[PDB]
Amino acid sequence: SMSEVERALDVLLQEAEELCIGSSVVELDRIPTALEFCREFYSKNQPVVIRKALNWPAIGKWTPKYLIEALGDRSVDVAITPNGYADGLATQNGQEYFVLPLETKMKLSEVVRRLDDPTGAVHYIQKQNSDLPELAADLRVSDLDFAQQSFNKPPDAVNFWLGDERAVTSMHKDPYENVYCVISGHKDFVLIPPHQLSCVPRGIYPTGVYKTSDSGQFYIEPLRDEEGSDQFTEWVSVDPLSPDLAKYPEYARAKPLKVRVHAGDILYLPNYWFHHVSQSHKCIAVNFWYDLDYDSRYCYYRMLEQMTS
Amino acid sequence: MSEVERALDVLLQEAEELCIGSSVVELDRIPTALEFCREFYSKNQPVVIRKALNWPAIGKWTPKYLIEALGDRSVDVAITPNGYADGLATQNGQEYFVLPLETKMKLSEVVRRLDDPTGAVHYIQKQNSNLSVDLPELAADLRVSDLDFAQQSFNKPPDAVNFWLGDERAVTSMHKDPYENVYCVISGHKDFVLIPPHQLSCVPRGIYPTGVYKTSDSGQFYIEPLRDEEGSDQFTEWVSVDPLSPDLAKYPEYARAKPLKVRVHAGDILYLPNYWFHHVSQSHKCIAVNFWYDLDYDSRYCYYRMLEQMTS
Ligand SMILES: O=C(O)c1ccnc(C(=O)O)c1
Ligand SMILES: O=C(O)c1ccnc(C(=O)O)c1
Ligand SMILES: [Mn+2]
Ligand SMILES: [Mn+2]
């Protein structure tokens, strides 16, 4: 038999199984109305993927070469890793850390050159925007009103991504509503619903950052507080691509959803959904992050965090 | 405190600090379907809209006009001695959950009994879609299309439409319904006390023998316990507290609860979201109608079932 907290958790999971909560990513051929989106997806905290939804100029024009021609081969901020796991788990001297990317700057064409070398380190570009007007002129952001009218606030962030196939984003959650638009290539998402939290292994790890030495080899440097001892972070311990079900029995009761998002597709990723992200080589994407509007679901989720701490 | 009580403390802290289910929103104008979906339905948040309806009914529906328009036909009426149909009452040392005495009588007969201050409490409260079922001719004095602003968020027709006409002594004890509720007062006013689902742990609940009101040959009311052949009580889980006069010594947990009071006048619309606890009083001969819609399941319902397991 099981504990009191575990009886409560089991009731949650059984009720959500019977009702098939978060059991499928809805597939749409056409952009829904603002009301359809509010009713069927936003208010139900439910992912949706809209196929061939966008006809943006970008979708054709945008490549690394065209971006170099357009942006004037500017200097950008790029994240670098030895293993391709920025914000991810890595071992050193037998200790598993949560490591942050080595963040540096370089010329866009140099980034492109370093993307074509399989032998080198893994690079990805994540630009946190709000030349740049020229780039914004290749996008019809109004096409996303159907979703924005549900959130009733402007994008709190608009990110541009250009990255290596080797760049894998490990499973994590975000306090945002997320509208994701692939421009070039395809992005693979693995999604787990919030309420399955108790089936997702999480641990506490010393946090570090990747650094190069004089010789150019990578190591992990522990991160430390204002003055004194180490810093920690809580992070998903399981690998969705190859779950070790022996080490993590409970993960077998989870139900991950797999969705591939192609150029011209839209993916609504609701707030606090677990996701793991892969992509094709030199995939380009832009996504819009909206601050969430707190409802009782968030409070239940905080409670669930407390129960499964 | 235990792990479960710690988790419940988290739930209540976050909800209180984020102003979740913390008030009834007043509007003077009917929202748009999108506004209603975003601000009230998707948030499971109650809202009252003042002077929202201009139905013919709001002018004309009285005891007399209903006696005339319905040809003084016979109707279902719930009767109690204390005014608590489907409520708790004590007898011979035992607290029972009591079902009302249900009978049929002429509409004019009911009106005569509402005019008796000393009589038993009468209430036309059958619900189970008694307006569409038993009173179709009244439907022409309403305009259900005016509720489209909310109906589009439910995306299904009303699964029930109820008609209420009761005594000021007829009080409905606190309970929850598996429905989205659109409440339209026609005459008089209705007083609601509301508590959000996530405060379930602040609401005491008990298992009670079930009974039903009966009269003796002399006309005295009494509770008859409901039992099967074996002599065993059939039980009902019910809210134990009286929102009007809470007994915080008996029920300390109700201290952390925050009831919301709202009076709904003729022409006002109240949206009572699914599984919201509600207690209902009314003015004398208040007339109301309301529309029940089956709820659309999401993870909140699973969390509420977990909350019920956590507090039993
Ligand atoms: O595209 C990504 O690599 C990525 C990484 C982390 N987060 C997100 C997101 O859409 O939230 C996307
Ligand atoms: O108006 C009432 O008396 C009443 C009683 C019980 N329930 C409801 C309801 O609208 O759910 C209304
Ligand atoms: Mn993310
Ligand atoms: Mn009710």
# chains A, B, ... in the order shown; residues from 1 in each chain; ligands from 1
$ select_by_dssp --residues "stretch 54-179 of chain B" --states "strand (DSSP E)" --output "JSON, numbers by chain"
{"B": [74, 75, 76, 77, 78, 79, 80, 87, 88, 89, 90, 91, 94, 95, 96, 97, 98, 99, 101, 102, 103, 104, 105, 106, 121, 122, 123, 124, 160, 161, 162, 163, 164, 165, 166, 172, 173, 174, 175, 179]}
$ write_last_selection --atoms "N, CA, C and O atoms" --output "short mmCIF file (atom, residue, chain, number, x, y, z; two decimals), in the first residue's frame"
data_model
loop_
_atom_site.label_atom_id
_atom_site.label_comp_id
_atom_site.auth_asym_id
_atom_site.auth_seq_id
_atom_site.Cartn_x
_atom_site.Cartn_y
_atom_site.Cartn_z
N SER B 74 -52.30 22.29 -12.13
CA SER B 74 -51.62 21.74 -10.96
C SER B 74 -50.12 21.67 -11.20
O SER B 74 -49.65 21.43 -12.32
N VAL B 75 -49.36 21.90 -10.13
CA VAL B 75 -47.91 21.97 -10.19
C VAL B 75 -47.31 21.21 -9.01
O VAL B 75 -47.96 20.98 -7.98
N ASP B 76 -46.05 20.81 -9.19
CA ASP B 76 -45.26 20.22 -8.12
C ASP B 76 -44.82 21.28 -7.12
O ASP B 76 -44.37 22.36 -7.50
N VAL B 77 -44.94 20.96 -5.84
CA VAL B 77 -44.54 21.90 -4.80
C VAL B 77 -43.88 21.13 -3.66
O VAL B 77 -44.38 20.08 -3.23
N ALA B 78 -42.72 21.63 -3.23
CA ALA B 78 -41.99 21.11 -2.08
C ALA B 78 -42.40 21.88 -0.83
O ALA B 78 -42.46 23.12 -0.84
N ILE B 79 -42.67 21.14 0.24
CA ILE B 79 -43.18 21.67 1.49
C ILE B 79 -42.25 21.22 2.60
O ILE B 79 -41.76 20.09 2.60
N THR B 80 -41.98 22.13 3.53
CA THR B 80 -41.22 21.81 4.73
C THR B 80 -41.78 22.56 5.92
O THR B 80 -42.50 23.56 5.76
N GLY B 87 -31.97 20.07 3.28
CA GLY B 87 -31.15 20.70 4.29
C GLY B 87 -31.15 19.86 5.55
O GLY B 87 -31.83 18.84 5.64
N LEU B 88 -30.37 20.30 6.53
CA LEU B 88 -30.20 19.56 7.77
C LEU B 88 -31.24 20.00 8.80
O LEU B 88 -31.58 21.18 8.90
N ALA B 89 -31.74 19.02 9.55
CA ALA B 89 -32.69 19.28 10.63
C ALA B 89 -32.46 18.24 11.72
O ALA B 89 -32.01 17.13 11.44
N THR B 90 -32.79 18.59 12.96
CA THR B 90 -32.58 17.69 14.09
C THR B 90 -33.92 17.17 14.59
O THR B 90 -34.93 17.89 14.57
N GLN B 91 -33.93 15.91 14.99
CA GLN B 91 -35.12 15.27 15.56
C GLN B 91 -34.66 14.16 16.49
O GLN B 91 -33.83 13.32 16.11
N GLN B 94 -30.98 13.41 16.71
CA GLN B 94 -30.24 13.02 15.51
C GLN B 94 -30.37 14.10 14.44
O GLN B 94 -31.47 14.59 14.19
N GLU B 95 -29.24 14.46 13.83
CA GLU B 95 -29.23 15.38 12.70
C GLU B 95 -29.42 14.59 11.42
O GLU B 95 -28.67 13.64 11.14
N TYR B 96 -30.44 14.95 10.66
CA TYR B 96 -30.78 14.31 9.40
C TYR B 96 -30.60 15.27 8.24
O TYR B 96 -30.77 16.49 8.39
N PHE B 97 -30.27 14.71 7.07
CA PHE B 97 -30.46 15.42 5.81
C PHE B 97 -31.86 15.09 5.30
O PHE B 97 -32.15 13.92 5.02
N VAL B 98 -32.72 16.09 5.17
CA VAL B 98 -34.15 15.85 4.96
C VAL B 98 -34.55 16.32 3.57
O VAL B 98 -34.28 17.47 3.19
N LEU B 99 -35.21 15.43 2.83
CA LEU B 99 -35.84 15.73 1.56
C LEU B 99 -37.24 16.29 1.82
O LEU B 99 -37.92 15.84 2.75
N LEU B 101 -41.26 17.29 1.69
CA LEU B 101 -42.52 16.67 1.33
C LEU B 101 -42.93 17.21 -0.04
O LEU B 101 -43.05 18.42 -0.21
N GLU B 102 -43.11 16.33 -1.02
CA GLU B 102 -43.44 16.77 -2.37
C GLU B 102 -44.88 16.39 -2.68
O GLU B 102 -45.28 15.25 -2.45
N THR B 103 -45.64 17.35 -3.20
CA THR B 103 -47.04 17.11 -3.51
C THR B 103 -47.42 17.92 -4.73
O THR B 103 -46.62 18.69 -5.27
N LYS B 104 -48.64 17.70 -5.21
CA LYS B 104 -49.19 18.43 -6.34
C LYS B 104 -50.39 19.25 -5.88
O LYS B 104 -51.18 18.78 -5.05
N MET B 105 -50.51 20.46 -6.40
CA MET B 105 -51.70 21.26 -6.10
C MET B 105 -51.84 22.38 -7.12
O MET B 105 -50.93 22.68 -7.88
N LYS B 106 -53.03 22.98 -7.14
CA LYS B 106 -53.30 24.05 -8.10
C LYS B 106 -52.44 25.28 -7.81
O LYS B 106 -52.17 25.61 -6.66
N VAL B 121 -43.84 25.98 4.82
CA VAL B 121 -43.09 26.67 3.79
C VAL B 121 -43.28 25.92 2.48
O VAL B 121 -42.97 24.72 2.38
N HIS B 122 -43.76 26.64 1.46
CA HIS B 122 -44.01 26.09 0.13
C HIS B 122 -43.04 26.69 -0.87
O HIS B 122 -42.70 27.88 -0.77
N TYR B 123 -42.62 25.88 -1.84
CA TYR B 123 -41.62 26.29 -2.82
C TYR B 123 -41.83 25.47 -4.08
O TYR B 123 -41.93 24.25 -4.01
N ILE B 124 -41.94 26.14 -5.23
CA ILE B 124 -41.98 25.45 -6.51
C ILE B 124 -40.53 25.37 -6.98
O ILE B 124 -40.00 26.28 -7.62
N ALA B 160 -30.57 21.84 -18.73
CA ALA B 160 -31.81 22.01 -17.97
C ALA B 160 -32.17 23.48 -17.83
O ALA B 160 -31.30 24.35 -17.84
N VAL B 161 -33.47 23.74 -17.70
CA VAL B 161 -34.01 25.09 -17.52
C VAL B 161 -35.05 25.03 -16.40
O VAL B 161 -36.11 24.41 -16.57
N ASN B 162 -34.77 25.70 -15.29
CA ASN B 162 -35.60 25.58 -14.10
C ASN B 162 -36.34 26.87 -13.80
O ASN B 162 -35.88 27.97 -14.13
N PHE B 163 -37.49 26.71 -13.14
CA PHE B 163 -38.40 27.78 -12.73
C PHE B 163 -38.58 27.70 -11.21
O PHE B 163 -38.91 26.64 -10.68
N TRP B 164 -38.37 28.83 -10.53
CA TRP B 164 -38.45 28.87 -9.07
C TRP B 164 -39.43 29.94 -8.62
O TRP B 164 -39.38 31.07 -9.12
N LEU B 165 -40.27 29.58 -7.65
CA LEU B 165 -41.23 30.50 -7.04
C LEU B 165 -41.44 30.03 -5.61
O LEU B 165 -42.06 28.98 -5.39
N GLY B 166 -40.96 30.79 -4.63
CA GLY B 166 -40.94 30.32 -3.26
C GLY B 166 -41.24 31.39 -2.22
O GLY B 166 -41.34 32.57 -2.52
N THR B 172 -32.21 27.53 0.77
CA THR B 172 -31.46 26.41 0.23
C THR B 172 -30.09 26.34 0.90
O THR B 172 -29.29 27.27 0.77
N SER B 173 -29.80 25.23 1.58
CA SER B 173 -28.52 25.09 2.24
C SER B 173 -27.40 24.92 1.22
O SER B 173 -27.63 24.57 0.06
N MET B 174 -26.18 25.15 1.68
CA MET B 174 -25.02 25.21 0.80
C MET B 174 -24.78 23.87 0.12
O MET B 174 -24.84 22.81 0.74
N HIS B 175 -24.45 23.93 -1.17
CA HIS B 175 -24.17 22.74 -1.96
C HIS B 175 -23.46 23.14 -3.24
O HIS B 175 -23.32 24.32 -3.56
N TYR B 179 -22.54 21.79 -12.85
CA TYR B 179 -23.01 22.54 -14.00
C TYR B 179 -22.46 23.95 -14.01
O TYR B 179 -22.19 24.55 -12.97
#
$ residues_near_ligand --ligand "ligand 4" --cutoff "8 Å" --atoms "only C-alpha atoms and all ligand atoms" --output "MDAnalysis selection string"
chainID B and resid 175:177 278
$ interface_residues --of "chain A" --to "chain B" --cutoff "8 Å" --atoms "only C-alpha atoms" --output "PyMOL selection string"
chain A and resi 4-5+7-9+11-13+15-16+19+21+34-35+38-39+42-45+150-151+195+294-297+299-300+302-304+306-307
$ residues_around --residues "residue A:62" --least-positions-apart "6" --cutoff "10 Å" --atoms "only C-alpha atoms" --output "PyMOL selection string"
chain A and resi 68+70+135+138+183-184+284
$ select_by_dssp --residues "stretch 67-199 of chain B" --states "helix (DSSP H, G or I)" --output "PDB file with C-alpha atoms, in the first residue's frame"
ATOM      1  CA  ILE B  67     -52.509  31.708 -12.527  1.00  0.00           C
ATOM      2  CA  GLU B  68     -54.200  33.230 -15.580  1.00  0.00           C
ATOM      3  CA  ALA B  69     -51.564  32.369 -18.205  1.00  0.00           C
ATOM      4  CA  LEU B 107     -51.213  27.159  -8.743  1.00  0.00           C
ATOM      5  CA  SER B 108     -53.880  29.285  -7.044  1.00  0.00           C
ATOM      6  CA  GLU B 109     -53.723  26.889  -4.075  1.00  0.00           C
ATOM      7  CA  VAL B 110     -49.962  27.390  -3.819  1.00  0.00           C
ATOM      8  CA  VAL B 111     -50.419  31.165  -3.964  1.00  0.00           C
ATOM      9  CA  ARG B 112     -52.949  30.981  -1.131  1.00  0.00           C
ATOM     10  CA  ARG B 113     -50.411  29.061   0.961  1.00  0.00           C
ATOM     11  CA  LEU B 114     -47.632  31.580   0.248  1.00  0.00           C
ATOM     12  CA  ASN B 130     -39.355  21.952 -14.943  1.00  0.00           C
ATOM     13  CA  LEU B 131     -39.793  25.072 -17.120  1.00  0.00           C
ATOM     14  CA  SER B 132     -39.204  23.386 -20.488  1.00  0.00           C
ATOM     15  CA  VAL B 133     -40.976  20.220 -19.319  1.00  0.00           C
ATOM     16  CA  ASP B 134     -44.044  21.369 -17.381  1.00  0.00           C
ATOM     17  CA  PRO B 136     -43.851  25.529 -22.108  1.00  0.00           C
ATOM     18  CA  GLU B 137     -46.265  28.438 -22.622  1.00  0.00           C
ATOM     19  CA  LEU B 138     -44.066  30.612 -20.389  1.00  0.00           C
ATOM     20  CA  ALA B 139     -41.111  30.230 -22.785  1.00  0.00           C
ATOM     21  CA  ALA B 140     -42.568  32.932 -25.061  1.00  0.00           C
ATOM     22  CA  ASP B 141     -41.997  35.604 -22.395  1.00  0.00           C
ATOM     23  CA  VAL B 144     -32.826  32.715 -24.419  1.00  0.00           C
ATOM     24  CA  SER B 145     -30.773  34.064 -27.336  1.00  0.00           C
ATOM     25  CA  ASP B 146     -29.801  36.969 -25.071  1.00  0.00           C
ATOM     26  CA  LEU B 147     -27.605  34.497 -23.185  1.00  0.00           C
ATOM     27  CA  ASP B 148     -25.558  33.611 -26.278  1.00  0.00           C
ATOM     28  CA  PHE B 149     -22.695  35.655 -24.793  1.00  0.00           C
ATOM     29  CA  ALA B 150     -22.255  32.843 -22.250  1.00  0.00           C
ATOM     30  CA  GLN B 151     -23.699  29.939 -24.256  1.00  0.00           C
ATOM     31  CA  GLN B 152     -20.893  30.188 -26.819  1.00  0.00           C
ATOM     32  CA  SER B 153     -18.375  29.454 -24.053  1.00  0.00           C
ATOM     33  CA  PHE B 154     -20.328  26.302 -23.137  1.00  0.00           C
ATOM     34  CA  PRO B 197     -14.064  24.897  -5.139  1.00  0.00           C
ATOM     35  CA  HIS B 198     -10.447  25.202  -3.978  1.00  0.00           C
ATOM     36  CA  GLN B 199     -11.597  26.147  -0.456  1.00  0.00           C
TER      37      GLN B 199
END
$ closest_atom_pairs --of "chain A" --to "ligand 3" --cutoff "10 Å" --atoms "only C-alpha atoms and all ligand atoms" --output "tab-separated table"
residue	atom	partner	partner_atom_place_in_ligand_line	distance
A:169	CA	ligand 3	1 (Mn)	8.2
A:170	CA	ligand 3	1 (Mn)	9.3
A:171	CA	ligand 3	1 (Mn)	8.5
A:172	CA	ligand 3	1 (Mn)	6.5
A:173	CA	ligand 3	1 (Mn)	6.2
A:174	CA	ligand 3	1 (Mn)	5.6
A:175	CA	ligand 3	1 (Mn)	9.0
A:176	CA	ligand 3	1 (Mn)	8.6
A:178	CA	ligand 3	1 (Mn)	8.2
A:269	CA	ligand 3	1 (Mn)	9.1
A:271	CA	ligand 3	1 (Mn)	9.8
A:272	CA	ligand 3	1 (Mn)	9.3
A:273	CA	ligand 3	1 (Mn)	9.1
A:274	CA	ligand 3	1 (Mn)	8.4
A:275	CA	ligand 3	1 (Mn)	6.9
A:276	CA	ligand 3	1 (Mn)	8.2
A:277	CA	ligand 3	1 (Mn)	8.4
A:287	CA	ligand 3	1 (Mn)	9.9
A:289	CA	ligand 3	1 (Mn)	9.3
